[PDB]
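Chemist: so I pulled this structure from the PDB, and the sequence comes with it:
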Amino acid sequence: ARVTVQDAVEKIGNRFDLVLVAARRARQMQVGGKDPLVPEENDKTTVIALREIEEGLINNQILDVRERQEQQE
Amino acid sequence: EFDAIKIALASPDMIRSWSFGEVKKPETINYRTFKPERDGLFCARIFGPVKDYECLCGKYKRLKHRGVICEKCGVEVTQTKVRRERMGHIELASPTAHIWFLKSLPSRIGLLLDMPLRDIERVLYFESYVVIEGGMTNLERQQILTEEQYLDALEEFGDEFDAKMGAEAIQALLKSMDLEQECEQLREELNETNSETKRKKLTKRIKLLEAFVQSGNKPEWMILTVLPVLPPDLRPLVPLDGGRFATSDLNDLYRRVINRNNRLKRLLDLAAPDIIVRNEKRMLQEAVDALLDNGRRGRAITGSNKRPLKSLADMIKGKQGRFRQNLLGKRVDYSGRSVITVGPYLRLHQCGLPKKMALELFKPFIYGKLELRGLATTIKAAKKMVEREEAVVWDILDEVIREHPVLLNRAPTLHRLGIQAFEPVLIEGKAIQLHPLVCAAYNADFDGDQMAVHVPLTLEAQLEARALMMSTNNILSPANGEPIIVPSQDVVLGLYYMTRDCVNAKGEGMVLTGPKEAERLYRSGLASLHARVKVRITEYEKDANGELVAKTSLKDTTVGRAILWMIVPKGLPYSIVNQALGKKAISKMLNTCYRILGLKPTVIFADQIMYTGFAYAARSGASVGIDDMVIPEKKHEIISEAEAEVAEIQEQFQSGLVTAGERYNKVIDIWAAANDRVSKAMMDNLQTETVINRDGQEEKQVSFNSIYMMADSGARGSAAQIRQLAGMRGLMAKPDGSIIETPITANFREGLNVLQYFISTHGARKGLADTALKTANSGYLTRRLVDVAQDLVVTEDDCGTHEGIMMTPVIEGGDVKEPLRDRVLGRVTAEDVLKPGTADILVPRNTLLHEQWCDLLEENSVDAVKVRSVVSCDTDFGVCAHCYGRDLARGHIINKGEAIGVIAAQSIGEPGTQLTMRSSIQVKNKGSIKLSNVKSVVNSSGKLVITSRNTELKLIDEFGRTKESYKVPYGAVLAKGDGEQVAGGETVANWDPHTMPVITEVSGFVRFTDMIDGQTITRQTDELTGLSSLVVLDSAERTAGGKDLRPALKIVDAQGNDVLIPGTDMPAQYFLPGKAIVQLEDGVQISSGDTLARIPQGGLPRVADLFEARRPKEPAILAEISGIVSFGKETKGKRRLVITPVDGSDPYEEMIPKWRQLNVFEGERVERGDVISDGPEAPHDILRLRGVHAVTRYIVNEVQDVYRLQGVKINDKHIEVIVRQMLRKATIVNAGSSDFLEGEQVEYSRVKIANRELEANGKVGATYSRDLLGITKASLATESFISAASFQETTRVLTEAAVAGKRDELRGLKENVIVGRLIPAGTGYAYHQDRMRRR
Amino acid sequence: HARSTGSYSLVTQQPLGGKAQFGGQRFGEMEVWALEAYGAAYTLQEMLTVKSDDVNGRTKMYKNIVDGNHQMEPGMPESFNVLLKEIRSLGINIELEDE
DNA sequence: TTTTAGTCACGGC
RNA sequence: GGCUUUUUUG
DNA sequence: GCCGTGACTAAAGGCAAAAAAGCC
Ligand SMILES: [Mg+2]
Ligand SMILES: [Zn+2]
Ligand SMILES: [Zn+2]
């Protein structure tokens, strides 16, 4: 249910960083655990992550700080 | 894993270390059983086992024997894949010379030994002796002897001097030759001799010697002694059907070489006579030459097919070689190919995918889900369930194609829009349904085209496809801001038929509540689709701070436009959908939306446009019939009249009043005029129709004729096709180019006889042949543009440099070809723009100029804006974001890591298909008179005469901008003055075209001095005219003692002294050149600046030769240094010229052919880079004279002129990038305090970083001169050898890189493609920056 | 025509060509330039290594997809090693360097 | 076949 | 299962 | 005898697809 990435591209600096952060978030969500922060609608993992980016609740530094907090355990 | 790739010559010890055995027997296999031989070209002991963990004799097998050398068979037990890794070696009985180093374009042996390659081949071919040790005899070290010479000299000097034969002699000579010593005397002699021809040879030799010394290479390694053996599995002996076996061309060459080596070994040990030994050694040399590179020497050895065999060198070079067939482009899995059809029910981001194709492509994904849900336990059960085509498998497949993009691709993929991502839709059939709107991007038609689909696998690839490739993100061309989602053909006709009023229709003049009611009337049949009505429309405008405000009004419009208004988004105004909406309007409408509402409303609006256009084109029922092609009634009459005209000339030609050529011209002109009149009459007839209005009077309206509706709306066709369907086809040309006198007077609606149809195929076959032969040339060019500029990637945000290029609108003497707005849109200013009012900053420095600023620029009427360019950027190994400007595809500033070189190359090369292989000055409109760099004086009559070469005419309106520009020769004629506001249609400039005047300088009395009568000048009284006057003779009668007498007419005033011109008192003598005839006599008054004597005298290949910067056949000779023109000793073959600076020394001397045209005189002051002769301008000369900032504007102007003439729009910044790759080298003229040789070429970036980081210390830098190279040459001369070796001349590049011991550190894009890593551009730029930062 | 996984060539270990041999579509150099014109690097790495000729990188790629994972390993293409040997089969020494 | 460039041999004052 | 020569489509 | 000229030799000249053969 995703037809364009204009909102995500506007939220982050450029498209390449958006691709990288979305790939990292999708891999976190897919390989193990890490339930989505947004209610899925039978969407693929690459699509649920992108919406999370356009909502403003996921970017590079947020992923970095969550990863640091979890690895501090 | 590996930082870089290093290349160097192999050593015999190194070659022995590579191998695992010695190859001794030519036998390959037993050819009785299926077992390889022993010590053969396929030996199991040398290379490895044939099977996995199975020795040759079978004694040891299984994993328990791994790593154990079996003693019965002698083959270590290990995996069979090592057969692709291990190598063997052959111990040559005699030394053999490597072909490559011997016979490259520069012979490495020849340059190293300072020996010509002619006698080196003779020595290597056992037909001439060579002295190895001169000793204390009358022979030299490099002296060459023959058979009789050697025997005669052998007895005289005995054994004092040693001479040998062939490759052994060459190896002995190379081994006993010092390197540093020879470099030392070469350096010493370089400083002594002064010979430009010898200087380049000395520089090459010392460079090669220094490279050999710096590297670990030695000359004796250049002669082969042990020959490595390529592994077996890379030249497989695959068994075919039958007793015969499939062997490659390499095995035969290897067998030949080993057999020759064995024969020589057996024959040499038997003390055979030297007669046979020399021949056998030469034959072995020939065999090794054939193996290493077949065909270079001469007749290539062939097999039973009588075709040249494939050697190692030929296996790499060429289109079929490894580099261009298995490394750059390779076959892939998860891909399919099919025929494309049209589906109008799809959305912009979706494509139709057949069920069978989808199930075959997504097989691995289905297996994962099938076992995930427990429907199949083992993988075999899943495979069995899939092939049986159950019912749940379809549901699973539907589930796994929810949001999984696929990459649709059409070959050829000329530009980056040829590969696009889509979300597939499962459909029946066996054809790939494609969205119509993308067909413009794909350049695809539904008449048998095929397209290929690929499947991304990893999460990163799917996200990259969705975010970068998907068709909703690609709606703007990378070459220009024009969109690629323009509707065409069927949609345009529907939207044109919908929005087109008729004077009288069903339900006219009624007033509607709104757009919704207009749809209820049209469906109900109570009102025609296009009747003029009054409706109430609510339109939203964003005049506020990005907020929508409602607005209601009553608009006088039609039902069709009101119906169409229901799909346009909120922001747009109603004036957009009130016109006829042809093809060019509709696109603009979409553009308007992209300017206002963003991207999602734009794509939704495009889909709604397509749907509505298709629906209301189907409902129209527009058809072409034989009655829709209206033939003008006057046509035949006109033709008859035209015939009468030629009926006159055929008579007048017979009376002698008209000759052959002028009769031809008159007939051609008459027929052209008749054709034009017929076309105009036909268009007038077709474009209007008669219809009765409501009141009952006849009223004219624009016609509803179907052919006119398709022609006018822009859906299909043009004016020419409609002319050829109704009016006469016109004049046709011969295959050579001559126009047929008799035109084709019959249109396609009526018949064409046999003769006209035959002469109409001359053009068609010519066009078809040009189209067939232009695809090969154009695509090649694209390659030469991609490989030169593959490695240019944006790597900086702002280089912080004020350098730039001055961008002004282009004027060719007529209307402006390009306004300043387009040439500056989407760039940044190198400096603040100054208003004509002093000290006012209109534009701040380092600001991006977009459309909003451009409109502000237009209203202010700005004249010229200085902006930055990539060619002026100072960033090393890249281009910063600001100098490039704006990303045209997206609309914002360029991002770091974007590969702009490939985009520029594709943008330049894609329109190459559209290209083809084969007096007075008048003002147009109102405008002032402005002359830049003008020096005009008032003559005796009062008119202005110009004595400045660079005078430019300018037309200034009430605003200040310029519309026209003209160049004038010396002694121009002006009917007006400077700064005046004159009207149009006025002739101000007039001059004699075909004769050059010998006009004086100032008014005065002409006196004749040094006038010799009898042998130099005689009073020639021509009987043709019978007039006596002074006439200068030719150079035949006069001799060297009379030709040296230059007749100088010293311009003097009334007092007879030299002219007292302001500043100088040098006499203004006017030397009379040859073939000069004087019409005036003594005592006849001469007007100021009056003549003394009348002295007498391409498309795609053009672009390819311009980018290559090929030398023109007749280059134009220009100046070399500013100063005063001076001459000297003449008749030294050519004419001498010397220029004297104000204070600097003047040792420069150059020759110019005196038999060619000369546009400069001695009594003139010339500036550097000024034209002397006439003709094409060479790029190297204009580079060396006017500098880099001028050559970057000449090439851009020329190529843009070509493209604009061929009607193609390409942004100018795409051509500059390519130029930045031609200017990548630099020649060092002065060593200075640096470490660079005084005649070598080094990378400009290297010399800049060396200079910029050395002058910062307590030292001083060096000087350099930028040089221009062709794309072919600039691509081969790069830092990396992998990238250059993959393009062209693989043999030369590999040898030149090996001898110098180069290293490739993998900074480019192609060289990362080959090795299999992420390219350092786009998404891979971030990863590579982390890798570089760590190291 | 379509193909997920079929038979591979002998020397370069790349998929065969043509409909008769159940071969895959050729991903030529023009398509490589088209992918380079975008910011696509992971897609290019896929097409070059894990779909065409990385023998150790495509067997694991197939196993990952069936396992539910979508992740690659760059590996090292087997169509470039052969080239080295070819150039190493002459008198030229071309080699890689340290980590 | 045609184009282009690089290199060896000849030439004229 | 490699090469070559023809024919055809875009 | 040294810079200018003519003659001798090497590389390069679409992308994808199919259908046949014939050899090795
Ligand atoms: Mg077609
Ligand atoms: Zn054994
Ligand atoms: Zn810059």
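Modeler: Here it is on my side, so go on. Residues are numbered from 1 along each chain as shown, chains lettered A, B, ... in the order given. Ligands and ions are numbered 1, 2, ... in the order given.

Chemist: which other helices and strands contact the host helix or strand of residue B:156?
Modeler: Taking DSSP states H and E as the criterion, residue B:156 maps to helix B:147-157. With contacts defined as 3 or more C-beta pairs under 8 Å, 6 or more residues apart in numbering or on different chains; DSSP states H and E, the packing partners of helix B:147-157 are strand B:129-133. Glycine gets a C-beta too; all of them are placed from N, C-alpha and C.

Chemist: all helices for chain C, in order.
Modeler: Counting by DSSP state H, chain C has these helices, from start to end: C:29-37, C:42-45, C:55-66, C:78-88.

Chemist: out of those, which gets nearest to residue B:41?
Modeler: Ranking the helices of chain C by proximity to residue B:41 (C-beta to C-beta) places helix C:78-88 first, at 15.4 Å.

Chemist: which residues does that closest one contact?
Modeler: Applying C-beta atoms under 8 Å, 6 or more residues apart in numbering or on different chains, the contact partners of helix C:78-88 are B:10, B:18, B:84-85, B:87, B:228, B:230-231, B:234, B:312, B:315-316, B:322-323, B:326-327, B:330, B:1294, B:1314-1316, C:11-14, C:52-55, C:94-95.

Chemist: ramachandran angles for the residue of chain A found nearest ligand 2?
Modeler: Of all residues in chain A, residue A:31 sits closest to ligand 2, at 46.2 Å by C-beta to the ion. Phi and psi for residue A:31, reported as degrees, to the nearest 10, are phi -70, psi -40.

Chemist: surely residue B:1047 touches residue B:1074?
Modeler: No: look at residue B:1047 against residue B:1074 with C-beta atoms under 8 Å: they stay out of range, at 10.4 Å.

Chemist: comparing the two, which residue is more hemmed in?
Modeler: Applying other C-beta atoms under 10 Å in any protein chain shown to residue B:1047 and residue B:1074 shows that residue B:1047 carries more neighbours, namely 19 against 13.

Chemist: excluding residues flanking it in the chain, which one is nearest the more buried one?
Modeler: Take residue B:1047 and drop its neighbours on the chain: the residue closest to it by C-beta to C-beta, 6 or more residues apart in numbering or on different chains is residue B:1072, 4.4 Å away.

Chemist: hmm, back to that, and the angle from the helix holding residue B:156 to strand B:129-133?
Modeler: Put simply, helix B:147-157 runs at 30 degrees to strand B:129-133, going by axes from the mean of the first three to the mean of the last three C-alpha atoms, to 10 degrees.

Chemist: tell me the buried residues in helix B:147-157?
Modeler: When burial is assessed from 16 or more other C-beta atoms under 10 Å in any protein chain shown, helix B:147-157 yields the following buried residues: residue B:153.

Chemist: again with stretch B:1240-1251
Modeler: B:1241-1245, B:1247-1248, B:1250-1251.

Chemist: now the two most distant members of these.
Modeler: Among the buried residues of stretch B:1240-1251, the pair separated by the greatest distance (C-beta to C-beta) is B:1241 and B:1251, which sit 15.4 Å apart.

Chemist: ok, now which ones touch the closest residue to residue A:4 other than its chain neighbours?
Modeler: Take residue A:4 and drop its neighbours on the chain: the residue closest to it by C-beta to C-beta, 6+ apart is residue B:472, 4.9 Å away. By C-beta under 8 Å, 6+ apart, the contact set of residue B:472 is A:3-4, B:348-349, B:599, B:603.

Chemist: and if we set it to 10 Å?
Modeler: The neighbours of residue B:472, taking C-beta atoms under 10 Å, 6 or more residues apart in numbering or on different chains as the test, are A:2-6, B:347-349, B:420-423, B:466, B:485, B:599-600, B:602-603, B:606.

Chemist: from these, list the buried ones, please.
Modeler: A:2-5, B:347-349, B:420-423, B:466, B:485, B:599, B:602-603, B:606.

Chemist: gap between the closest residue to RNA strand E within the stretch 251-400 of chain B and residue A:50?
Modeler: Closest to RNA strand E within the stretch 251-400 of chain B is residue B:320: 5.9 Å, counting by C-beta to the nearest atom of the strand. Residue B:320 sits 44 Å away from residue A:50, taking C-beta to C-beta, to the nearest Å as the criterion.

Chemist: do residue B:489 as well
Modeler: The value you get for residue B:489 to residue A:50, if C-beta to C-beta is used, is 35 Å.

Chemist: residue C:95 too?
Modeler: Look at residue C:95 and residue A:50: by C-beta to C-beta, they are 44 Å apart.

Chemist: likewise residue B:1191?
Modeler: Note on residue B:1191: its distance to residue A:50, by C-beta to C-beta, is 47 Å.

Chemist: check residue B:1282 too.
Modeler: Noted for residue B:1282: a distance of 37 Å to residue A:50, by C-beta to C-beta.

Chemist: and if you look at residue B:448?
Modeler: Using C-beta to C-beta, we find residue B:448 at a distance of 38 Å from residue A:50.

Chemist: give me the more crowded residue out of the two.
Modeler: Taking neighbours as other C-beta under 10 Å, residue B:448 and residue A:50 compare with residue A:50 leading, 26 against 7.

Chemist: tell me the backbone dihedrals of that one, please.
Modeler: phi -60, psi -40.

Chemist: so it makes contact with residue A:6?
Modeler: No: with contacts counted by C-beta atoms under 10 Å, residue A:50 stays clear of residue A:6, the gap being 11.1 Å.

Chemist: list the contacts of stretch B:760-780.
Modeler: Outside stretch B:760-780, the residues within contact range by C-beta under 10 Å, 6+ apart are B:412, B:414, B:729, B:732-737, B:740, B:744, B:746, B:752, B:909-918, B:1099-1101, B:1103-1104, C:30.
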